[PDB]
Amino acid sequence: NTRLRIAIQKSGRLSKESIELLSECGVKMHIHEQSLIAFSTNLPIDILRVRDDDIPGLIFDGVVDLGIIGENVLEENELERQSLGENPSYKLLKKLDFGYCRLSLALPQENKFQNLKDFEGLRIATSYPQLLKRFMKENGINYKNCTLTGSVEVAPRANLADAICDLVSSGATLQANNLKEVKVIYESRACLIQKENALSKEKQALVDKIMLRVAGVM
């Protein structure tokens, strides 16, 4: 197999815009329900539709050639890999102009918040435990972890946590759960990344062509 492998989010925040970037770069393909692999009809390119949390790993492990992924997800998994004693590596090709969001600490609307110190001792629910951990350590604040993959914003109401650390874009989900954003700990946007090890000449040439197109398209 000589086909370039690009991993994108199967469904979620980045899916639509990732597909549109690719088509704007002249990559034609049909996306409809394929469980894992879609095939460009005009170029030797395979689009792997995966859970976003898997994309950093696929790139670090050299399973795919390119990936489109949020900085937050990339950094969370990079930190996890580094904490296991590994050396995750990737090339950053381009910071993209979509997927804008921020990872923030949030409290029940009725809670008094003067200072970050108010998070001392608190149980904090998040899907990004490594990012949360690094931030709290850097700011000298002790807390108790609660790792949930979904429904993080329900954790205070379920009495699993006193607070949360979660992605915010519109702020609608925090509002719906009667929570308030008190401290941004990370700002994110989508990026295009490549695996570390050199591609074949053919593949690198196609990547350079796509990057011109991305640069051009931008």
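We number the residues from 1 along the sequence you see.
The PDB entry reports B-factors from which the mean C-alpha value can be compared for 181 to 189 and 49 to 57; the larger average falls on 181 to 189.
Stretches compared: 78 to 86, 115 to 123. Higher mean C-alpha B-factor in the entry: 115 to 123. Sort the chain's modelled residues by C-alpha temperature factor and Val27 lands in the highest third, per the entry. Per the deposited record, the Cα B-factor of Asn197 falls in the highest third when ranked against the other modelled residues of its chain. Residue-level temperature factors show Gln34 in the lowest third of its chain, judged at the C-alpha atom. In the PDB entry, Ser151 places in the lowest third of its chain by CA B-factor.
When the modelled residues of the chain are ordered by their C-alpha B factor, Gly99 lands in the middle third.
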